[PDB]
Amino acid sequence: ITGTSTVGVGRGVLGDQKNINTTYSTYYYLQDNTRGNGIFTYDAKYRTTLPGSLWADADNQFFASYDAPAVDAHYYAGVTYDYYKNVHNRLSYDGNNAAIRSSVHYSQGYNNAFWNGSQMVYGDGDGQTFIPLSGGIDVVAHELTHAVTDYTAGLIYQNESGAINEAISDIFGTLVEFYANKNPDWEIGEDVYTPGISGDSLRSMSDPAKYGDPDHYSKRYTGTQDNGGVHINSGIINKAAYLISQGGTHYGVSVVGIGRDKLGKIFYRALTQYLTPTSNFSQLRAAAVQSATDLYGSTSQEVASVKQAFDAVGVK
């Protein structure tokens, strides 16, 4: 909408107060004009029609329980935009400052979030498996990263290419969580998953097997569930990325860690310069090796560590 840029205040899903960029024109709307061509947050009103209504508020204060998922979807989309711009010199998901749209209160008791080809969509959860999913910065960044992937490598959402697609979203979701630097970890979704159980998460990148996901190619899933295991076999790539950053010895193979920032540079370059819609795990290894070679040189430690990490997870 046309209006003037304003700054509201509210509370997110976890009860934390934050400022949000809004737009005033009769109402105060969740429209942040400070980033690209805007970040826009919508109310789906417990229905499944999308996007719903651009979120309107009478007083620019967003402290109601119903407001909390919208506050966090809007704010964490901003953080994710900042990460891609400041760290990778990428302007929004398309690289040309496309408007970022999110809808909250999608459906009833909906235990998921997704990118629908055009926008982000967040359920509220059923209150037992999940609380509203936009409360997780890693979840928000995971979703926006699907848009980045779709505009760049275009990895098809099935089998190995789809597991790479998922892992890319977990990797950058985690790197955005570290960028914001509030309780960062290598787990996915811990802030919104199972409010009655402490210490768990949807997936672990450091130990995928903790939640039944493979941590070696020899343990990959080859059935048809979950689009051929896209959220299962992502564990093999997530583990490789964790090893590249943090190091470790895994199935007897030692990896010298190079840190998060270099992990992000290597995988961002692989995603945007080398991967294709049909890339498999072996091709991802080659893309990561080439990306590290471009950035750091063929004789570098960074190249050596990429190779060790893919060796450790059985990907040649």
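Residue positions are given as counts along the sequence shown, with the first one as 1.
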(request) Can you let me know which of the two, 67-75 or 196-204, has the higher average C-alpha B-factor in the entry? (result) 196-204
(request) Taking the mean of the C-alpha B-factors per stretch from the entry, tell me the winner out of 41-49 and 245-253. (result) 245-253
(message) Highest recorded C-alpha temperature factor, please, choosing from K85, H142, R220, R101.
(response) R220
(message) Looking at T129, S234, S92, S161, which one carries the largest C-alpha B-factor according to the PDB entry?
(response) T129
(request) Relative to the other modelled residues of the same chain, rank the CA B-factor of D32 and answer lowest, middle or highest third. (result) lowest
(message) Quick check on the deposited entry: does the C-alpha B-factor of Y211 sit in the lowest, middle or highest third of its chain?
(response) highest
(request) Would you mind ranking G117 by its C-alpha B-factor against the rest of the chain and naming the third, lowest, middle or highest? (result) middle
(message) Going by the CA temperature factor in the PDB record, which third of the chain does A309 belong to: lowest, middle or highest?
(response) middle
(message) For the chain shown, is the CA B-factor of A167 in the lowest, middle or highest third of its modelled residues?
(response) lowest
